Protein chains: 2
Amino acid sequence: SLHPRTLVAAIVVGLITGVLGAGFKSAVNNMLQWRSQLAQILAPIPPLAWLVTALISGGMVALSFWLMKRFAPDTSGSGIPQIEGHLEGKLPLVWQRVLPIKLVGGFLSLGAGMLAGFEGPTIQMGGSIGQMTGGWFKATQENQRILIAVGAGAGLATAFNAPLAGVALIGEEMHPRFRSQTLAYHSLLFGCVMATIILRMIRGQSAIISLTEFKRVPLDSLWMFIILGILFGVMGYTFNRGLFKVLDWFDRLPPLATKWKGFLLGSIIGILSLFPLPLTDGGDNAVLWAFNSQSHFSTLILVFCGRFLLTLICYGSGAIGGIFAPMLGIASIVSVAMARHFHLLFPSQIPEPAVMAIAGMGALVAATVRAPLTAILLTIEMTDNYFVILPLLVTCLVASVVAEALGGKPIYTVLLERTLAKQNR
Amino acid sequence: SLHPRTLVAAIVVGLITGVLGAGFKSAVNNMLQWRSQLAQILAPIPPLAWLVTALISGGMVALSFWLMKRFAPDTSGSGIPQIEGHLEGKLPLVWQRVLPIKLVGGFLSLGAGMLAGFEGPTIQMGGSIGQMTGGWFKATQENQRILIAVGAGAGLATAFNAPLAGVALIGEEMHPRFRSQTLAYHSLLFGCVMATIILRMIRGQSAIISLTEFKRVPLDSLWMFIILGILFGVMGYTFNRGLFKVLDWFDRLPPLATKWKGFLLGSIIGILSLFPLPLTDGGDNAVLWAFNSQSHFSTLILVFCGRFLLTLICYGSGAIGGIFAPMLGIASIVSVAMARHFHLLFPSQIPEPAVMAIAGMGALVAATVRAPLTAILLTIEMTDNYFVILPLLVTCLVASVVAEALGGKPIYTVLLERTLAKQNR
Ligand SMILES: [Br-]
Ligand SMILES: [Br-]
């Protein structure tokens, strides 16, 4: 049921988003540590670095919002909604505006230390690339939907080095028609594999955090994850309800408050980046902090509360964000602390407290997004671990069932409804 | 978008097909080794075991065809087509006939040493159970399609201890409507997880063949798997073309030749089982032979050809089969032999020859079935290995692309057209 010209077209897509997605992370992290290095050169005398790192990170986030509007307010926030909508009819996609602004803007946002979120810019930039190439390749109407849907999944793979995830993204959440070329899967796979290959060439080839050795997970240890699910289920429910309210508060003007909204929220995050803790930035560092570097059970709770608020305060403000990675650090910090405690009560059933630290790593995403299958893979692909599956599933799907048992609604569909409601911006 | 009464029903589904699916394999393997032990008890003097093992395996397959019609000719062959049809409209499904016949018949077939194929019975029985508990739960119209689609995916999972495969099965090949309850995924995941948890309870918990240590796969080693895909692409093309033509031969009577077809084909396999070599039986043993027990490069090609024919001969005859496992054993033998040879020409790009042996393990399935995503997941879940991914993807989707580049068509969709053509049996 497959058609050649398109497959080779997806090969072009994944290749572009790979170079841009990988090239993006490197460019951002270089700016991240450059500020951190500027903070220690001025650190000695005195808190002059307290000022300089505030003017920089503040001016970066401020110039981030200004380049958003007026230029292309379509880049605000995540990236899944804007493409999830275009793929379905509502909301237009223009690449010559999204591509060069979601990039030059997203860089100033993530580069200042905001609580996001590579998979944000890369997924939209990738969808735009899928359109840019679709126009270059003069493909049909249904085929150019595929190229954009491919560039979307590739954008995810190019952020977490996870192909199967970017594939399962389109497959579960953001479910498209594809009529009747249901073999656009082939176009996806192609687009993703190529993306991660270009990724692994620039900064590969290993995963995000390979916890490959932990493989002792007994059968009578699963009951704990039902509870790890219920915990993350209500966690997702409160994450959504909160985000929505922070969005409201930000939507409520005033005209002079938004003038400074960027400079303020940015400089405040600029200071918070100076404290030796993973309380700011994308969220990868926060996952590389639950595990492995052992810290106080109190400090976990300290950072968990720190980020859980700062992400909502960040994304709600409507900066060029990305909500996947932040929900990975927030979830991991918890799952690790929950891990310690369950091993504390029952060590005879959780011999390795890292198993439960992996299972509930993408359980927040699973709950808030209603999309467990695409979360379960995301974890497997950044830990190279599959032995954690039976836990992973139960703690990810029970995490979703519960959140929508309290009635939370998929954070992206509701995030889309709100971006639709700006049919006059 | 999820509805509780259905999720809790899927729990019942997978749990039942789990108990049956596992209880099925063990009950079959018990008959496999029982005959093999009877063969060695009478082995000493003389070839009297040559006669006994022929009568038994011949009388089983003959009894298997007899219980097929008149009773439930719907249980003939695989199980994907029948359910793929009922799920789409054409062809009816009645559990009170399929369940008990596909079981007692499948036990006699696989228990005799036929070239199949647990996923056959377990998937169709799983579909039957999904329907049986669909009436018990008085589910709606669309919900009972889900319950049957779940039981199907669980059937696969129960056979290979691979949840993510049974989930990707329904998702890619055998793509259903689900309108607009696209979150039947939660019903699938649930059904698969439960099944494998019941599976691991009875015969778990480890995979089929764990090859978790091989994790060195360079980026400039990929080009080989393109070529490994080209090889399987043509291998699948001929596997389909062949199967179809073997089927024609069997469909062409005579009315007196079919009277003995069951006894003749069965006793022939009964003799072949006695040879110390994995050329009969499901195909698991075949995969558990490529790796690990090292045997002559010549013996590989001797077994490969032997099985490649014996499978078509066993399935084309319209016996209660299952074509996944047989296609795995064949592919593995080939992928290993191709591995040795590639490591022979370039060791500085295939340090570990087992890496390539894993990639093209499910590339025969990928090519023949047009379903790469489900194959890629099937392999990962039976090797506990994710490091093989980039090869696994390239070698599996290029295995499929080539297959339908020579235009082979999905072996299941065509298998469905042929069972449709029997709208008069
Ligand atoms: Br996102
Ligand atoms: Br099958």
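Residues numbered from 1 in each chain as written, not as in the entry; some residues may be left out. Chains lettered and ligands numbered in written order. Heavy atoms only, no water.

In terms of determination method and resolution, the entry is listed under X-ray crystallography at 3.600 Å.

Undergrad: Can you tell me about the overall build of chain A, naming the residues and giving the values?
TA: Each helix and strand counted, chain A has 18 helices and zero strands in total. The C-alpha atoms of chain A give a radius of gyration of 21 Å, which matches the 22 Å a tight globule of 425 residues would have. Taking the principal axes of the C-alpha coordinates as reference, chain A spans close to 60 × 55 × 40 Å. Put simply, chain A has 425 residues, and 63% of those count as buried. The contacts of chain A with a sequence gap of at least 6 include a subset with a gap of at least 24, amounting to 85%. For chain A, the computed accessible surface area is about 15,600 Å², with 67% contributed by carbon and sulfur atoms. In chain A, the 28 positive side-chain charges and the 18 negative ones have mean positions that sit 9 Å from each other. (Helix = DSSP H or I, 4+ residues; strand = E, 2+ residues; numbered from the N terminus. Rg over C-alpha atoms; globule rule 2.2 N^0.38 Å. Buried < 20%, exposed > 50% of the residue type's maximum accessible area, 1.4 Å probe, protein only. Contact = heavy atoms within 4.5 Å. Areas by Shrake-Rupley, 256 points an atom, 1.4 Å probe, with all protein chains shown as cover. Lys, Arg positive; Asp, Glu negative; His and termini not counted. Charge placed at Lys NZ, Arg CZ, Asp CG, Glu CD.)

Undergrad: Could you give me a rundown of the relation of the copies chain A and chain B, with the residues and numbers involved?
TA: Here chain A sits on chain B after a turn of 180° about the axis and a move of 0.1 Å along it, with an RMSD of 0.2 Å. The relationship between the two copies is best expressed as a two-fold rotation axis. A share of 100% of the interface residues of chain A reappears at the interface of chain B, consistent with the copies meeting face to face through the same patch. (Least-squares fit on C-alpha atoms.)

Undergrad: Hey, could you go over the pattern of salt bridges for me, with residue numbers and the actual values?
TA: All names here are of chain A. Under the counting rule described, the total for this entry stands at ten salt bridges over all chains. Of the charged contacts in the structure, one is a salt bridge between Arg370 and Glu173, with a shortest N-O distance of 3.2 Å. Of this pair, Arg370 sits in the loop between α15 (363-369) and α16 (373-383) while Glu173 sits in the loop between α7 (163-171) and α8 (185-202), and the two are 197 residues apart along the sequence. Accessibility expressed as a relative area gives 9% for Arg370, which makes it buried. Across the pair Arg418 and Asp248 runs a salt bridge whose closest N-O atoms are separated by 3.0 Å. Here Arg418 is found in helix α18 (residues 411-420), whereas its partner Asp248 is found in helix α9 (residues 223-251), with 170 residues between them in sequence. Residue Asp248 is classed as partly exposed on the basis of its relative accessible area, which comes to 27%. (Salt bridge = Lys/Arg side-chain N within 4 Å of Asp/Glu carboxyl O.)

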